[PDB]
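Student: Experimental structure and sequence below, a few questions after.
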Amino acid sequence: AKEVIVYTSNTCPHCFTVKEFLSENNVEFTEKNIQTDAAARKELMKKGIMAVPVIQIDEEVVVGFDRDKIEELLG
């Protein structure tokens with residue numbers, strides 16, 4: 001099972017889709033809210049990303065909800 005991180009915020013209109021897709025497929029994930037967690041925002045910007053929502057499959061970064069890419073990375 002690959003580590004799944006979801007970078008979210010308090011003003012993210014597309015986070016619900018990603019969270020729902022992951023939860024309905026019973027794929028647990030770590031949520032990091034970059035608006036309330038300065039550490040999370042630092043980690044996200046260190047990898048050169050400033051967007052929301054973001055999905056990290058254990059090293060690989062998906063900006064936005066790329067359904068088939070996520071499905072392929074997770075199996």
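Tutor: Here it is on my side, so go on. Numbers count the residues shown, from 1 in each chain.
Student: what residues are up against the closest residue to residue 2 other than its chain neighbours?
Tutor: Counting by CB to CB, 6 or more residues apart in numbering, residue 2 lies nearest to residue 58, which is 4.3 Å off, once chain neighbours are set aside. For the C-beta atoms, the positions are set from N, CA and C on the backbone; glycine is no exception. Counting by CB atoms under 8 Å, 6 or more residues apart in numbering, residue 58 touches 2, 3, 4.
Student: any idea which element the first one lies in?
Tutor: Under DSSP states H and E, no helix or strand contains residue 2.
Student: For it, give its distance to residue 26.
Tutor: Using CB to CB, to the nearest Å, we find residue 2 at a distance of 14 Å from residue 26.
Student: Which one of these two is surrounded by more residues?
Tutor: residue 2 (12 against 6; other CB atoms under 10 Å).
Student: how about the more buried one, what does it touch?
Tutor: By CB under 8 Å, 6+ apart, the contact list for residue 2 reads 57, 58, 73, 74.
Student: could the residues you listed go into a markdown table alongside secondary structure and distance to residue 9?
Tutor: As requested, the contacts of residue 2 are exported to a markdown table (DSSP: H, G, I helix; E, B strand; the rest coil; distance: CB to CB, whole Å):
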| residue | secondary structure | distance to residue 9 |
| --- | --- | --- |
| 57 | strand | 20 |
| 58 | coil | 22 |
| 73 | helix | 22 |
| 74 | helix | 23 |
